[PDB]
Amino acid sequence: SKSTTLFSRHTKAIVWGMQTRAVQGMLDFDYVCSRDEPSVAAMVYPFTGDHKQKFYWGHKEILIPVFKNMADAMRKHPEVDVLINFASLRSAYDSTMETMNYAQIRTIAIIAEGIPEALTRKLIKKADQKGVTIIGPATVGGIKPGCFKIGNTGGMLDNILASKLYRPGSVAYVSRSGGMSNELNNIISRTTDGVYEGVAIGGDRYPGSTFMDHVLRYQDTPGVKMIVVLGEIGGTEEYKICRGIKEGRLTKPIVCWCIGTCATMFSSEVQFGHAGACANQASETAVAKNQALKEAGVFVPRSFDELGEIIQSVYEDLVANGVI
């Protein structure tokens, strides 16, 4: 695994791509989290010349610089250790490889869907060499209440307020799904003291960072008292959670549900929307993984419908024993 902590209330990021709505949403979050400063220091967009773009910090119009060249952005903003890459699928590989020539960058979010698996494996190899955490590809990103929001994750202020995402609770989560991560923000905010950190690892076969990568971070973060994993048919990643519990590495309560139980009832193989969501062996089905997780001592609901109930029960037990 890599760094335990990716983001803080001091995180500064460069955004690759002309994504003014996503940047303004980050700034709206930063403002209600009472951050001192915007989380976006600069944008990189090679299709325009250097210029400044207007944004709002509360009622106040502010300027964020947009650079044609990544080297100028990095040089002028040594405080940045995160890049959020909204490049199209055609150039996401090259621009992510380029980003990793800058030692300042310790975390990269890769948004685009459709990057070939063999290219993502090369990104993973370079990131592993350098200790860079990749979130994505094919993700909305993630959110750390009070601290930092990746791009569009968590939406606009009405949803940030509704789901209490302006201050951290005690519950960390990881999911493949971007949409469902924001559903988890909602569920967790209604059943517990709220999200501490959430990550959407994306839909691809080889995620730049895995479920276990983030579960281990959460195990090692004192503010996290329980962990929720929304798993998925395809691959064998969730068995690593079983192994980590068996080994005594994972001691905080883990709630997990793997989606895709319907595939067991279909007569033919079905590729679901996420590129990685296709079971190439019996062990990769959601039914198989849910059973293994339950047998290893994970809290597994009967179905997605009972996920909220089980989260609330684990949470209340942890309050009762003084952990929360």
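For every residue, the number given is its place in the sequence shown, counted from 1.
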* Comparing 199-207 with 247-255, where is the mean C-alpha B-factor higher? -> 247-255
* Looking only at CA atoms, which has the higher mean B factor in the entry: 88-96 or 174-182? -> 88-96
* Asked: Out of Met226, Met156, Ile111, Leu123, which residue has the highest Cα temperature factor in the PDB record?
  -> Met156
* Modelled-residue ranking by C-alpha temperature factor, third containing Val40 -> lowest
* To do: Just say lowest, middle or highest third for the CA B-factor of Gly231 relative to the other modelled residues in its chain.
  => middle
* **Assigned third (lowest, middle, highest) for the C-alpha B factor of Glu237** => highest
* **Third of the chain's Cα B-factor distribution that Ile105 belongs to, per the entry** => lowest
* Structure fact -> On the chain's distribution of Cα B-factors, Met265 falls within the third called middle
